[PDB]
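Take a look at this one chain, the form solved without the named molecule, written out in structure tokens.
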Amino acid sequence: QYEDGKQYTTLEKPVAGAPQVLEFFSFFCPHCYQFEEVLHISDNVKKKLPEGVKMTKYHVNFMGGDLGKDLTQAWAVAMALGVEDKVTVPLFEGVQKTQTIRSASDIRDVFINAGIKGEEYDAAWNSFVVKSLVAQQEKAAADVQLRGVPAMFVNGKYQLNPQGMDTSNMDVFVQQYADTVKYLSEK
């Protein structure tokens, strides 16, 4: 029942060297909020992935203007410090639920409240390591010529098509999405 054009589509120009499973999102994106905070798509895809398949998750600049670039840099900080699990939920809620994240310092407040020392965050925020992590996120999006989020790519060749899945039941939707990723990851 897996058909190119229903649950997924195939890239016209496949990308070499991409990660096995590459997810793109923005904290500004209401559909990304739905994917992560209500459906837990990434966590459920991870539960169905074959042994030795790595998932990479990158933030994108093209939503939210100045704040969008700030959020990409913050995600790079989160990746550099290994604290993605601590900040994803409060960053999504601060941008979309409470809408208390309007500036770079509000982003920093989320990390401080999650227990990241200000000195650690500030050293990372200003680091060339984080600058290179920002460039990597942008280059990954440039490779697939990303035009929208949320988005998921498998082996630089297939892009998930959530419009072809059942939206009448959220649990069914997550199962179909995760099974499709596993199917594509096996080629």
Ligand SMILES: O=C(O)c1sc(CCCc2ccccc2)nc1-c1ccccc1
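When you see a residue number, it is the position in the sequence shown, counting from 1.
The next section is about a form of this same protein that is not shown, the form deposited with the named molecule bound.
With respect to the named molecule in the deposited complex, the three residues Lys46, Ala178 and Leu184 uniformly fall beyond 4.5 angstroms at the level of their nearest heavy atom. Remark: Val130 does not count among the residues lining the named molecule in the deposited complex, judged by a heavy atom distance of 4.5 Å or less. In the deposited complex, at least one heavy atom of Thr167 sits within 4.5 Å of a heavy atom of the named molecule. Within this chain, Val53 is remote from the site of the named molecule in the deposited complex, having no heavy atom within 4.5 Å. The closest heavy atom approach of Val134 to the named molecule in the deposited complex falls outside 4.5 Å.
Scanning 148-162 for heavy atoms within 4.5 Å of the named molecule in the deposited complex gives just one residue, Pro162.
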